[PDB]
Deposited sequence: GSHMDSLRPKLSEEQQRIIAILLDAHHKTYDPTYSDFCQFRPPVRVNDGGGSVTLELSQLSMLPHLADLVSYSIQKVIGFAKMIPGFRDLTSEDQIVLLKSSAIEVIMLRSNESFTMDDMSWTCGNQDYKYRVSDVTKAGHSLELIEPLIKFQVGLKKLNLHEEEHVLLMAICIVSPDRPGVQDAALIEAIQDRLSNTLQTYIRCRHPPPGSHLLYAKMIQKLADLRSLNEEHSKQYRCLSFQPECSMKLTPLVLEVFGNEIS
């Protein structure tokens, strides 16, 4: 039974637009990372106290996340439809989705060889231990790694990955959005592009369950977003934390 309509010419052009936007905003060589404040790994082999006392990886990771937010804002601008929104909604959407899109886009440096984000170059291989040296706890980190493994095992085509990031950004149910209807219209155009693509371009397919899986990842990201927000708020109570962050990070997560 299941029909397999072909991608319209407009859908194909959406896909091409989104691949080009990603290629313009995600350097797969990580060649800017040497410009960030450097990573420092104090031995905390075991401690929340040590660690909040040092936050040795926070300057480097905050610069990394700050840089990623900028690339994401650049990616968003190229999403077909996004600029038809009011700038107030554009920013609501970017601010509420930023950490989720960072978590998604980070899947490209994530490796199941050793369960790290390998952006280098050894200095820029990030593990669970680095995330705890930036003041976060296992209640964020463990489900983050689960999410990364789950996403990897979907073996998404790049077309799927960039569509999934766009759909994440353009979510009509973010708090504070005004024109939810327009946002939903933009998102549906993207979601239809993704369903059609999966059905006509993705083999075998007994992965017609792929679309529901991807949608579930969006749900998972929502939970990670609330847990992140909870921890960031506590982290920010550390005296002089702000010096280790950036103005853009302060604004987005504050």
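- Missing from the model, by position in the deposited sequence, are residues 1-4, 51, 260-263.
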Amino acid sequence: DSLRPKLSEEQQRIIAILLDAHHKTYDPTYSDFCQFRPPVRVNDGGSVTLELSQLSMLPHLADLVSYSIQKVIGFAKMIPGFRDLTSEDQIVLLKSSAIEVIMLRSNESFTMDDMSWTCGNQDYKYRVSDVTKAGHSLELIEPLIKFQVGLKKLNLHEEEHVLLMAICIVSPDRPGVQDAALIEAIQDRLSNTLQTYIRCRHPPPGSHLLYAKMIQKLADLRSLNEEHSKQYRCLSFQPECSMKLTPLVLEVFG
From here on, numbers count along this sequence of modelled residues.
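- In the record comparison, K217 is modelled in each of the other entries of this protein that model the residues flanking it, with no third of them omitting it.
- Of the other structures of this protein that model both sides of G206, a third or more give it no coordinates.
- Mean CA temperature factor is higher for 125-133 when stretches 100-108 and 125-133 are set side by side in the entry.
- Mean CA temperature factor is higher for 174-182 when stretches 174-182 and 68-76 are set side by side in the entry.
- Per the PDB record, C200 has a higher Cα B-factor than any other of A62, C200, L218, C34.
- In this structure the maximum Cα B-factor among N225, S47, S191, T29 is found at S47.
- Among the modelled residues of its chain, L163 has a C-alpha B-factor that falls in the lowest third, as given in the PDB entry.
- Ranked by Cα temperature factor within the chain, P143 sits in the middle third according to the deposited record.
- Per the PDB record, residue ranking by Cα B-factor puts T25 in the lowest third of the chain.
- Per the PDB record, residue ranking by Cα B-factor puts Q231 in the middle third of the chain.
- Among the modelled residues of the chain, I17 sits in the lowest third by CA temperature factor in this PDB entry.
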